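Shown next: target_18.cif, containing mmCIF, N, CA and C atoms.
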data_target
#
loop_
_atom_site.label_atom_id
_atom_site.label_comp_id
_atom_site.auth_asym_id
_atom_site.auth_seq_id
_atom_site.Cartn_x
_atom_site.Cartn_y
_atom_site.Cartn_z
N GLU J 33 12.15 125.03 13.44
CA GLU J 33 11.91 123.60 13.28
C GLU J 33 10.45 123.29 12.94
N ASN J 34 10.23 122.37 12.00
CA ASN J 34 8.86 122.03 11.57
C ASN J 34 8.04 121.38 12.68
N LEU J 35 6.80 121.83 12.84
CA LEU J 35 5.83 121.13 13.70
C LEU J 35 5.61 119.69 13.24
N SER J 36 5.63 118.75 14.19
CA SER J 36 5.20 117.38 13.94
C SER J 36 4.41 116.86 15.13
N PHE J 37 3.66 115.78 14.90
CA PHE J 37 2.87 115.15 15.95
C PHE J 37 3.23 113.68 16.09
N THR J 38 3.27 113.20 17.33
CA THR J 38 3.38 111.77 17.58
C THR J 38 2.04 111.31 18.13
N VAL J 39 1.74 110.03 18.00
CA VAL J 39 0.48 109.49 18.49
C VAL J 39 0.74 108.16 19.15
N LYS J 40 0.21 107.97 20.36
CA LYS J 40 0.17 106.64 20.96
C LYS J 40 -1.05 105.92 20.39
N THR J 41 -0.82 105.04 19.42
CA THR J 41 -1.91 104.50 18.61
C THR J 41 -2.97 103.73 19.40
N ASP J 42 -2.59 103.08 20.51
CA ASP J 42 -3.60 102.33 21.27
C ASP J 42 -4.57 103.21 22.06
N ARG J 43 -4.25 104.50 22.14
CA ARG J 43 -5.14 105.49 22.74
C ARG J 43 -6.11 106.11 21.75
N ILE J 44 -5.96 105.79 20.47
CA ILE J 44 -6.96 106.20 19.47
C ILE J 44 -8.22 105.39 19.73
N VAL J 45 -9.38 106.06 19.72
CA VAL J 45 -10.65 105.37 19.94
C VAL J 45 -11.56 105.43 18.71
N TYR J 46 -12.06 104.28 18.26
CA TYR J 46 -13.13 104.27 17.27
C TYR J 46 -14.42 104.00 18.03
N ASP J 47 -15.32 104.97 18.05
CA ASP J 47 -16.64 104.82 18.68
C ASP J 47 -17.65 104.38 17.62
N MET J 48 -18.12 103.14 17.74
CA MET J 48 -19.05 102.53 16.80
C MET J 48 -20.44 103.17 16.85
N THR J 49 -20.82 103.62 18.05
CA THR J 49 -22.12 104.24 18.26
C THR J 49 -22.22 105.58 17.53
N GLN J 50 -21.21 106.42 17.70
CA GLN J 50 -21.26 107.74 17.09
C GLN J 50 -20.54 107.79 15.74
N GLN J 51 -19.87 106.70 15.39
CA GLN J 51 -18.98 106.68 14.23
C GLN J 51 -18.05 107.87 14.30
N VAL J 52 -17.35 108.00 15.43
CA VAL J 52 -16.38 109.07 15.63
C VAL J 52 -15.03 108.45 16.01
N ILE J 53 -13.97 108.96 15.40
CA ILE J 53 -12.61 108.58 15.75
C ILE J 53 -11.95 109.70 16.54
N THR J 54 -11.44 109.35 17.71
CA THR J 54 -10.76 110.30 18.58
C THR J 54 -9.26 110.01 18.57
N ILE J 55 -8.46 111.03 18.24
CA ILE J 55 -7.02 110.87 18.11
C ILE J 55 -6.27 111.86 18.97
N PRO J 56 -5.53 111.35 19.96
CA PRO J 56 -4.72 112.23 20.80
C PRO J 56 -3.37 112.46 20.15
N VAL J 57 -3.10 113.69 19.73
CA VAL J 57 -1.82 114.00 19.13
C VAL J 57 -0.94 114.78 20.10
N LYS J 58 0.36 114.53 20.03
CA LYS J 58 1.32 115.27 20.85
C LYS J 58 2.26 116.08 19.95
N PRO J 59 2.16 117.41 20.01
CA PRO J 59 3.02 118.22 19.15
C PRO J 59 4.44 118.29 19.68
N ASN J 60 5.41 118.54 18.80
CA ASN J 60 6.80 118.64 19.22
C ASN J 60 7.17 120.06 19.64
N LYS J 61 6.30 121.01 19.29
CA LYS J 61 6.54 122.41 19.60
C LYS J 61 5.21 123.09 19.82
N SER J 62 5.25 124.28 20.41
CA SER J 62 4.03 125.04 20.64
C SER J 62 3.73 125.91 19.42
N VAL J 63 2.52 125.80 18.90
CA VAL J 63 2.09 126.53 17.71
C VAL J 63 0.63 126.93 17.88
N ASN J 64 0.31 128.19 17.59
CA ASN J 64 -1.09 128.59 17.48
C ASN J 64 -1.43 128.72 15.99
N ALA J 65 -2.50 128.05 15.56
CA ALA J 65 -2.92 128.11 14.16
C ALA J 65 -4.36 128.60 13.99
N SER J 66 -4.53 129.55 13.08
CA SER J 66 -5.85 130.09 12.78
C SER J 66 -6.80 129.07 12.16
N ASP J 67 -6.31 128.32 11.18
CA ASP J 67 -7.15 127.37 10.47
C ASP J 67 -6.45 126.04 10.31
N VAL J 68 -7.10 124.98 10.78
CA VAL J 68 -6.49 123.66 10.80
C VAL J 68 -7.44 122.69 10.08
N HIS J 69 -6.88 121.76 9.32
CA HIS J 69 -7.68 120.75 8.62
C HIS J 69 -6.97 119.42 8.79
N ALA J 70 -7.59 118.49 9.51
CA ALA J 70 -6.95 117.21 9.77
C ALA J 70 -7.64 116.13 8.94
N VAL J 71 -6.85 115.33 8.22
CA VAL J 71 -7.41 114.33 7.31
C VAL J 71 -6.83 112.96 7.64
N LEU J 72 -7.71 112.01 7.95
CA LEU J 72 -7.28 110.62 8.15
C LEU J 72 -7.38 109.91 6.80
N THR J 73 -6.31 109.27 6.36
CA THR J 73 -6.27 108.71 5.01
C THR J 73 -5.64 107.33 4.99
N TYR J 74 -6.01 106.51 4.01
CA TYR J 74 -5.27 105.27 3.78
C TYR J 74 -4.40 105.31 2.52
N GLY J 75 -4.19 106.51 1.99
CA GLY J 75 -3.31 106.67 0.84
C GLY J 75 -3.36 108.04 0.20
N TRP J 76 -2.66 109.00 0.79
CA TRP J 76 -2.61 110.34 0.20
C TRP J 76 -1.37 111.09 0.70
N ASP J 77 -0.71 111.83 -0.20
CA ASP J 77 0.50 112.56 0.15
C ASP J 77 0.21 113.98 0.67
N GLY J 78 -1.06 114.35 0.69
CA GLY J 78 -1.46 115.66 1.16
C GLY J 78 -1.42 116.73 0.08
N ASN J 79 -1.11 116.34 -1.15
CA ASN J 79 -1.02 117.30 -2.26
C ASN J 79 -2.24 117.19 -3.17
N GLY J 80 -2.65 118.31 -3.77
CA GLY J 80 -3.84 118.32 -4.60
C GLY J 80 -5.09 118.06 -3.78
N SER J 81 -6.11 117.49 -4.41
CA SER J 81 -7.34 117.16 -3.70
C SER J 81 -7.17 115.92 -2.82
N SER J 82 -7.98 115.82 -1.77
CA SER J 82 -7.86 114.71 -0.83
C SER J 82 -8.24 113.39 -1.49
N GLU J 83 -7.53 112.33 -1.11
CA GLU J 83 -7.81 110.99 -1.61
C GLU J 83 -7.87 109.99 -0.46
N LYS J 84 -8.59 108.90 -0.69
CA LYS J 84 -8.70 107.79 0.25
C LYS J 84 -8.99 108.26 1.68
N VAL J 85 -10.01 109.10 1.80
CA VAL J 85 -10.37 109.73 3.07
C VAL J 85 -11.16 108.80 3.99
N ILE J 86 -10.64 108.59 5.20
CA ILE J 86 -11.33 107.83 6.22
C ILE J 86 -12.19 108.83 6.99
N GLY J 87 -11.68 110.05 7.11
CA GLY J 87 -12.46 111.13 7.70
C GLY J 87 -11.64 112.39 7.83
N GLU J 88 -12.32 113.50 8.11
CA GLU J 88 -11.65 114.79 8.19
C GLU J 88 -12.41 115.77 9.08
N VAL J 89 -11.71 116.79 9.56
CA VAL J 89 -12.34 117.80 10.39
C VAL J 89 -11.66 119.14 10.14
N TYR J 90 -12.43 120.21 10.25
CA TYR J 90 -11.92 121.57 10.11
C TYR J 90 -12.04 122.27 11.46
N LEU J 91 -10.95 122.89 11.89
CA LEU J 91 -10.88 123.50 13.21
C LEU J 91 -10.42 124.93 13.10
N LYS J 92 -10.86 125.76 14.03
CA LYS J 92 -10.45 127.16 14.03
C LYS J 92 -9.75 127.49 15.34
N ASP J 93 -8.73 128.35 15.25
CA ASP J 93 -8.01 128.89 16.41
C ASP J 93 -7.55 127.80 17.37
N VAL J 94 -6.66 126.96 16.86
CA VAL J 94 -6.15 125.84 17.63
C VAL J 94 -4.87 126.27 18.35
N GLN J 95 -4.76 125.85 19.60
CA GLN J 95 -3.60 126.15 20.43
C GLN J 95 -2.91 124.84 20.79
N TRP J 96 -1.75 124.59 20.17
CA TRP J 96 -0.95 123.41 20.46
C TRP J 96 0.19 123.78 21.40
N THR J 97 0.33 122.99 22.46
CA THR J 97 1.41 123.18 23.42
C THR J 97 2.35 121.99 23.37
N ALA J 98 3.63 122.27 23.18
CA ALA J 98 4.67 121.25 23.03
C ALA J 98 4.57 120.19 24.10
N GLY J 99 4.44 118.93 23.68
CA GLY J 99 4.44 117.80 24.59
C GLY J 99 3.13 117.54 25.31
N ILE J 100 2.11 118.36 25.05
CA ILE J 100 0.81 118.17 25.68
C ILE J 100 -0.21 117.62 24.68
N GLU J 101 -0.94 116.58 25.08
CA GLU J 101 -1.87 115.92 24.17
C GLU J 101 -3.04 116.81 23.75
N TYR J 102 -3.35 116.77 22.47
CA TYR J 102 -4.44 117.53 21.91
C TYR J 102 -5.36 116.52 21.23
N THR J 103 -6.66 116.66 21.45
CA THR J 103 -7.58 115.66 20.97
C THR J 103 -8.32 116.09 19.71
N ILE J 104 -8.10 115.35 18.63
CA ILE J 104 -8.82 115.57 17.38
C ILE J 104 -9.96 114.57 17.28
N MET J 105 -11.13 115.06 16.88
CA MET J 105 -12.29 114.19 16.71
C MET J 105 -12.71 114.22 15.26
N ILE J 106 -12.81 113.03 14.67
CA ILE J 106 -13.12 112.90 13.25
C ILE J 106 -14.32 111.97 12.99
N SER J 107 -15.28 112.43 12.18
CA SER J 107 -16.41 111.58 11.83
C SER J 107 -15.93 110.46 10.90
N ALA J 108 -16.22 109.20 11.23
CA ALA J 108 -15.73 108.06 10.44
C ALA J 108 -16.55 107.80 9.17
N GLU J 109 -15.89 107.82 8.01
CA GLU J 109 -16.58 107.58 6.74
C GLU J 109 -16.37 106.16 6.21
N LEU J 110 -15.57 105.38 6.94
CA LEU J 110 -15.34 103.96 6.68
C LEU J 110 -15.50 103.22 8.00
N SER J 111 -16.05 102.01 7.93
CA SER J 111 -16.28 101.21 9.13
C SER J 111 -14.94 100.78 9.70
N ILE J 112 -14.92 100.36 10.97
CA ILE J 112 -13.65 99.98 11.57
C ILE J 112 -13.08 98.72 10.90
N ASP J 113 -13.95 97.78 10.51
CA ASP J 113 -13.47 96.60 9.79
C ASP J 113 -12.73 96.98 8.51
N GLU J 114 -13.30 97.91 7.75
CA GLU J 114 -12.68 98.36 6.51
C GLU J 114 -11.38 99.12 6.77
N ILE J 115 -11.35 99.89 7.85
CA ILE J 115 -10.14 100.66 8.18
C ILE J 115 -9.02 99.68 8.53
N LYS J 116 -9.34 98.62 9.25
CA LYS J 116 -8.31 97.67 9.68
C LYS J 116 -7.78 96.83 8.51
N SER J 117 -8.49 96.87 7.39
CA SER J 117 -8.12 96.11 6.19
C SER J 117 -7.03 96.84 5.41
N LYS J 118 -6.84 98.12 5.71
CA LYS J 118 -5.88 98.95 4.98
C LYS J 118 -4.45 98.68 5.39
N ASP J 119 -3.53 98.90 4.46
CA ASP J 119 -2.12 98.64 4.73
C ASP J 119 -1.45 99.69 5.61
N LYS J 120 -1.96 100.91 5.56
CA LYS J 120 -1.32 102.03 6.25
C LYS J 120 -2.29 103.19 6.41
N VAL J 121 -2.46 103.66 7.64
CA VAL J 121 -3.33 104.80 7.91
C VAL J 121 -2.47 105.96 8.36
N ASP J 122 -2.61 107.11 7.69
CA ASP J 122 -1.86 108.31 8.08
C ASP J 122 -2.81 109.42 8.50
N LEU J 123 -2.31 110.32 9.34
CA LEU J 123 -3.02 111.56 9.67
C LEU J 123 -2.25 112.74 9.10
N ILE J 124 -2.92 113.52 8.27
CA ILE J 124 -2.29 114.70 7.69
C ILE J 124 -2.90 115.93 8.37
N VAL J 125 -2.05 116.78 8.92
CA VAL J 125 -2.53 117.99 9.59
C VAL J 125 -2.08 119.21 8.82
N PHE J 126 -3.06 119.92 8.28
CA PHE J 126 -2.81 121.19 7.61
C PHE J 126 -3.02 122.30 8.62
N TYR J 127 -2.14 123.29 8.62
CA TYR J 127 -2.23 124.41 9.56
C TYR J 127 -1.67 125.66 8.90
N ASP J 128 -2.56 126.63 8.69
CA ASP J 128 -2.18 127.92 8.12
C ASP J 128 -1.28 127.86 6.90
N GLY J 129 -1.56 126.90 6.02
CA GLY J 129 -0.86 126.77 4.76
C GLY J 129 0.26 125.75 4.74
N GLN J 130 0.60 125.23 5.91
CA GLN J 130 1.67 124.23 6.02
C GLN J 130 1.05 122.88 6.33
N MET J 131 1.85 121.82 6.29
CA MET J 131 1.30 120.50 6.57
C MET J 131 2.31 119.58 7.21
N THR J 132 1.81 118.62 7.97
CA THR J 132 2.67 117.61 8.54
C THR J 132 1.92 116.29 8.53
N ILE J 133 2.65 115.20 8.35
CA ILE J 133 2.05 113.88 8.26
C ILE J 133 2.57 113.01 9.39
N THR J 134 1.65 112.47 10.19
CA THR J 134 1.98 111.46 11.18
C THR J 134 1.60 110.13 10.56
N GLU J 135 2.59 109.25 10.39
CA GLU J 135 2.41 108.03 9.62
C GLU J 135 2.07 106.82 10.48
N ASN J 136 1.36 105.87 9.88
CA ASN J 136 1.18 104.52 10.42
C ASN J 136 0.45 104.45 11.76
N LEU J 137 -0.84 104.80 11.72
CA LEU J 137 -1.62 104.91 12.95
C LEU J 137 -2.11 103.55 13.47
N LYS J 138 -1.89 102.49 12.70
CA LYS J 138 -2.06 101.10 13.17
C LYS J 138 -3.44 100.81 13.78
N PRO J 139 -4.48 100.82 12.93
CA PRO J 139 -5.86 100.66 13.42
C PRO J 139 -6.12 99.35 14.18
N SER J 140 -5.31 98.32 13.93
CA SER J 140 -5.37 97.08 14.72
C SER J 140 -5.16 97.34 16.22
N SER J 141 -4.44 98.41 16.55
CA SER J 141 -4.13 98.73 17.95
C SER J 141 -5.17 99.63 18.62
N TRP J 142 -6.12 100.15 17.84
CA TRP J 142 -7.08 101.12 18.36
C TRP J 142 -8.07 100.51 19.35
N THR J 143 -8.48 101.32 20.33
CA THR J 143 -9.60 100.99 21.20
C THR J 143 -10.86 101.16 20.36
N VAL J 144 -11.74 100.16 20.39
CA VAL J 144 -12.99 100.21 19.63
C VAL J 144 -14.14 99.98 20.60
N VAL J 145 -15.02 100.97 20.73
CA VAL J 145 -16.10 100.89 21.71
C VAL J 145 -17.48 101.11 21.08
N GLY J 146 -18.52 100.91 21.88
CA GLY J 146 -19.89 100.97 21.40
C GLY J 146 -20.41 99.57 21.18
N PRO J 147 -21.64 99.30 21.61
CA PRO J 147 -22.22 97.96 21.44
C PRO J 147 -22.58 97.67 19.97
#
Just give me the structure of the file as structure tokens.
Amino acid sequence: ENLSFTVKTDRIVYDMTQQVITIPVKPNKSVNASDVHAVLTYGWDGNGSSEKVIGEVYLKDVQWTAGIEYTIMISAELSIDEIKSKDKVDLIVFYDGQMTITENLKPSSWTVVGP
């Protein structure tokens, strides 16, 4: 069965001070991946070169445990106001040559902190 992630969108945090987005993902199965690339986008199917990037991170030797939250941290390349202006925010997770898309992260619901 294909790996997928669910996200409780109101637990996503946009930190204004560090310009960092923290995303707790819950995998549906346990998978260990050598090389992972997570891309936050407002419009990309995950094919070819990346488009409409809100931010991205490269990770090594990731251990996902089914049903247990895993925290991805992404440097924000668009302000939170601009992110909330978008129609749809997706997270694309690449892992050892495969990919999965968690759709509709609903930035209106995100916790936003920092003075």
Point out the residue among J:62, J:140, J:41, J:73 with the least atom-to-atom distance to residue 87 of chain J, counting only C-alpha atoms.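 Closest candidate: J:73.
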Using all atoms listed in the file, which protein or nucleic acid residues come within 5 Å of residue 107 of chain J? Drop anything in the same chain fewer than 5 positions from it, and give the result as JSON, numbers by chain. {"J": [51, 52, 53, 87]}
Tell me which residues the PyMOL selection byres ((chain J and resi 94) around 8) grabs here, as an NGL selection string. :J and (63-68 or 91-93 or 95-97)
So that I can see what lies close to segment 114-124 of chain J, please list as an mmCIF file with N, CA and C atoms, keeping the file's coordinate frame the residues with an atom at most 8 Å from it, counting only N, CA and C atoms and leaving out residues fewer than 3 positions away in the same chain.
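Written out: part_38.cif:
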data_model
loop_
_atom_site.group_PDB
_atom_site.id
_atom_site.type_symbol
_atom_site.label_atom_id
_atom_site.label_comp_id
_atom_site.auth_asym_id
_atom_site.auth_seq_id
_atom_site.Cartn_x
_atom_site.Cartn_y
_atom_site.Cartn_z
ATOM 1 N N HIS J 69 -6.880 121.760 9.320
ATOM 2 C CA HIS J 69 -7.680 120.750 8.620
ATOM 3 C C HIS J 69 -6.970 119.420 8.790
ATOM 4 N N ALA J 70 -7.590 118.490 9.510
ATOM 5 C CA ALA J 70 -6.950 117.210 9.770
ATOM 6 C C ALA J 70 -7.640 116.130 8.940
ATOM 7 N N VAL J 71 -6.850 115.330 8.220
ATOM 8 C CA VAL J 71 -7.410 114.330 7.310
ATOM 9 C C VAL J 71 -6.830 112.960 7.640
ATOM 10 N N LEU J 72 -7.710 112.010 7.950
ATOM 11 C CA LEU J 72 -7.280 110.620 8.150
ATOM 12 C C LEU J 72 -7.380 109.910 6.800
ATOM 13 N N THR J 73 -6.310 109.270 6.360
ATOM 14 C CA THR J 73 -6.270 108.710 5.010
ATOM 15 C C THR J 73 -5.640 107.330 4.990
ATOM 16 N N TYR J 74 -6.010 106.510 4.010
ATOM 17 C CA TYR J 74 -5.270 105.270 3.780
ATOM 18 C C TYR J 74 -4.400 105.310 2.520
ATOM 19 N N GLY J 75 -4.190 106.510 1.990
ATOM 20 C CA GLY J 75 -3.310 106.670 0.840
ATOM 21 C C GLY J 75 -3.360 108.040 0.200
ATOM 22 N N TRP J 76 -2.660 109.000 0.790
ATOM 23 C CA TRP J 76 -2.610 110.340 0.200
ATOM 24 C C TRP J 76 -1.370 111.090 0.700
ATOM 25 N N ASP J 77 -0.710 111.830 -0.200
ATOM 26 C CA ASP J 77 0.500 112.560 0.150
ATOM 27 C C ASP J 77 0.210 113.980 0.670
ATOM 28 N N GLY J 78 -1.060 114.350 0.690
ATOM 29 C CA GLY J 78 -1.460 115.660 1.160
ATOM 30 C C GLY J 78 -1.420 116.730 0.080
ATOM 31 N N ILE J 86 -10.640 108.590 5.200
ATOM 32 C CA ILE J 86 -11.330 107.830 6.220
ATOM 33 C C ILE J 86 -12.190 108.830 6.990
ATOM 34 N N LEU J 110 -15.570 105.380 6.940
ATOM 35 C CA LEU J 110 -15.340 103.960 6.680
ATOM 36 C C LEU J 110 -15.500 103.220 8.000
ATOM 37 N N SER J 111 -16.050 102.010 7.930
ATOM 38 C CA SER J 111 -16.280 101.210 9.130
ATOM 39 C C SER J 111 -14.940 100.780 9.700
ATOM 40 N N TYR J 127 -2.140 123.290 8.620
ATOM 41 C CA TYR J 127 -2.230 124.410 9.560
ATOM 42 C C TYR J 127 -1.670 125.660 8.900
ATOM 43 N N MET J 131 1.850 121.820 6.290
ATOM 44 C CA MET J 131 1.300 120.500 6.570
ATOM 45 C C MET J 131 2.310 119.580 7.210
ATOM 46 N N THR J 132 1.810 118.620 7.970
ATOM 47 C CA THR J 132 2.670 117.610 8.540
ATOM 48 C C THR J 132 1.920 116.290 8.530
ATOM 49 N N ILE J 133 2.650 115.200 8.350
ATOM 50 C CA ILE J 133 2.050 113.880 8.260
ATOM 51 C C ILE J 133 2.570 113.010 9.390
ATOM 52 N N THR J 134 1.650 112.470 10.190
ATOM 53 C CA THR J 134 1.980 111.460 11.180
ATOM 54 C C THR J 134 1.600 110.130 10.560
ATOM 55 N N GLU J 135 2.590 109.250 10.390
ATOM 56 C CA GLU J 135 2.410 108.030 9.620
ATOM 57 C C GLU J 135 2.070 106.820 10.480
ATOM 58 N N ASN J 136 1.360 105.870 9.880
ATOM 59 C CA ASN J 136 1.180 104.520 10.420
ATOM 60 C C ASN J 136 0.450 104.450 11.760
ATOM 61 N N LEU J 137 -0.840 104.800 11.720
ATOM 62 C CA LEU J 137 -1.620 104.910 12.950
ATOM 63 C C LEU J 137 -2.110 103.550 13.470
ATOM 64 N N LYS J 138 -1.890 102.490 12.700
ATOM 65 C CA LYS J 138 -2.060 101.100 13.170
ATOM 66 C C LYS J 138 -3.440 100.810 13.780
ATOM 67 N N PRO J 139 -4.480 100.820 12.930
ATOM 68 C CA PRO J 139 -5.860 100.660 13.420
ATOM 69 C C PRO J 139 -6.120 99.350 14.180
ATOM 70 N N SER J 140 -5.310 98.320 13.930
ATOM 71 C CA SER J 140 -5.370 97.080 14.720
ATOM 72 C C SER J 140 -5.160 97.340 16.220
ATOM 73 N N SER J 141 -4.440 98.410 16.550
ATOM 74 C CA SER J 141 -4.130 98.730 17.950
ATOM 75 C C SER J 141 -5.170 99.630 18.620
#
Explicit residues for the PyMOL selection byres ((chain J and resi 57) around 8) (as a short mmCIF file (atom, residue, chain, number, x, y, z; two decimals) with N, CA and C atoms, in the frame of the given file):
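Done, and the output landed in selection.cif:
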data_model
loop_
_atom_site.label_atom_id
_atom_site.label_comp_id
_atom_site.auth_asym_id
_atom_site.auth_seq_id
_atom_site.Cartn_x
_atom_site.Cartn_y
_atom_site.Cartn_z
N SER J 36 5.63 118.75 14.19
CA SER J 36 5.20 117.38 13.94
C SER J 36 4.41 116.86 15.13
N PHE J 37 3.66 115.78 14.90
CA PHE J 37 2.87 115.15 15.95
C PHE J 37 3.23 113.68 16.09
N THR J 38 3.27 113.20 17.33
CA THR J 38 3.38 111.77 17.58
C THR J 38 2.04 111.31 18.13
N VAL J 39 1.74 110.03 18.00
CA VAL J 39 0.48 109.49 18.49
C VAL J 39 0.74 108.16 19.15
N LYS J 40 0.21 107.97 20.36
CA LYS J 40 0.17 106.64 20.96
C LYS J 40 -1.05 105.92 20.39
N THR J 54 -11.44 109.35 17.71
CA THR J 54 -10.76 110.30 18.58
C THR J 54 -9.26 110.01 18.57
N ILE J 55 -8.46 111.03 18.24
CA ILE J 55 -7.02 110.87 18.11
C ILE J 55 -6.27 111.86 18.97
N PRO J 56 -5.53 111.35 19.96
CA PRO J 56 -4.72 112.23 20.80
C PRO J 56 -3.37 112.46 20.15
N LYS J 58 0.36 114.53 20.03
CA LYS J 58 1.32 115.27 20.85
C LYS J 58 2.26 116.08 19.95
N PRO J 59 2.16 117.41 20.01
CA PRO J 59 3.02 118.22 19.15
C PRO J 59 4.44 118.29 19.68
N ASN J 60 5.41 118.54 18.80
CA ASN J 60 6.80 118.64 19.22
C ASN J 60 7.17 120.06 19.64
N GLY J 99 4.44 118.93 23.68
CA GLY J 99 4.44 117.80 24.59
C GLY J 99 3.13 117.54 25.31
N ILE J 100 2.11 118.36 25.05
CA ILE J 100 0.81 118.17 25.68
C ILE J 100 -0.21 117.62 24.68
N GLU J 101 -0.94 116.58 25.08
CA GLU J 101 -1.87 115.92 24.17
C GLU J 101 -3.04 116.81 23.75
N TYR J 102 -3.35 116.77 22.47
CA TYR J 102 -4.44 117.53 21.91
C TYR J 102 -5.36 116.52 21.23
N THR J 103 -6.66 116.66 21.45
CA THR J 103 -7.58 115.66 20.97
C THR J 103 -8.32 116.09 19.71
N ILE J 104 -8.10 115.35 18.63
CA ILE J 104 -8.82 115.57 17.38
C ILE J 104 -9.96 114.57 17.28
#
Helix (DSSP H, G or I) positions in chain J, given as number ranges by chain: J: 41-43, 112-116, 139-141
Mind pulling up the distance from atom N of residue 125 of chain J to atom C of residue 83 of chain J?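 According to the coordinates, atom C of residue 83 of chain J and atom N of residue 125 of chain J are separated by 13.0 Å.
Between atom C of residue 89 of chain J and atom C of residue 106 of chain J the separation is 8.2 Å.
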Apply DSSP to the backbone of this structure and, from chain J, keep only the residues in strand (DSSP E); write these as an MDAnalysis selection string. chainID J and resid 37:39 45:47 52:59 63:73 85:96 102:107 122:127 130:134 143:145
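When atom CA of residue 48 of chain J is paired with atom CA of residue 146 of chain J, their separation reads 4.9 Å.
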Could you model N, CA, C and O atoms for segment 67-78 of chain J and present them as a CSV table (one decimal), in the coordinates of the input?
chain,number,residue,atom,x,y,z
J,67,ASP,N,-6.3,128.3,11.2
J,67,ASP,CA,-7.2,127.4,10.5
J,67,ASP,C,-6.4,126.0,10.3
J,67,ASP,O,-5.3,126.0,9.8
J,68,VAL,N,-7.1,125.0,10.8
J,68,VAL,CA,-6.5,123.7,10.8
J,68,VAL,C,-7.4,122.7,10.1
J,68,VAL,O,-8.7,122.8,10.2
J,69,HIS,N,-6.9,121.8,9.3
J,69,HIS,CA,-7.7,120.8,8.6
J,69,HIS,C,-7.0,119.4,8.8
J,69,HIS,O,-5.9,119.2,8.3
J,70,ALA,N,-7.6,118.5,9.5
J,70,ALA,CA,-7.0,117.2,9.8
J,70,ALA,C,-7.6,116.1,8.9
J,70,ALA,O,-8.9,116.0,8.9
J,71,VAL,N,-6.8,115.3,8.2
J,71,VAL,CA,-7.4,114.3,7.3
J,71,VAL,C,-6.8,113.0,7.6
J,71,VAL,O,-5.6,112.8,7.6
J,72,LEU,N,-7.7,112.0,8.0
J,72,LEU,CA,-7.3,110.6,8.2
J,72,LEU,C,-7.4,109.9,6.8
J,72,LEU,O,-8.4,110.0,6.1
J,73,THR,N,-6.3,109.3,6.4
J,73,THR,CA,-6.3,108.7,5.0
J,73,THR,C,-5.6,107.3,5.0
J,73,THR,O,-4.9,107.0,5.9
J,74,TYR,N,-6.0,106.5,4.0
J,74,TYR,CA,-5.3,105.3,3.8
J,74,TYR,C,-4.4,105.3,2.5
J,74,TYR,O,-3.9,104.3,2.1
J,75,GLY,N,-4.2,106.5,2.0
J,75,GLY,CA,-3.3,106.7,0.8
J,75,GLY,C,-3.4,108.0,0.2
J,75,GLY,O,-4.0,108.2,-0.8
J,76,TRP,N,-2.7,109.0,0.8
J,76,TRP,CA,-2.6,110.3,0.2
J,76,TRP,C,-1.4,111.1,0.7
J,76,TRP,O,-1.0,111.0,1.9
J,77,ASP,N,-0.7,111.8,-0.2
J,77,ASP,CA,0.5,112.6,0.2
J,77,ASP,C,0.2,114.0,0.7
J,77,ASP,O,1.1,114.7,1.0
J,78,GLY,N,-1.1,114.4,0.7
J,78,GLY,CA,-1.5,115.7,1.2
J,78,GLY,C,-1.4,116.7,0.1
J,78,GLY,O,-1.7,117.9,0.4
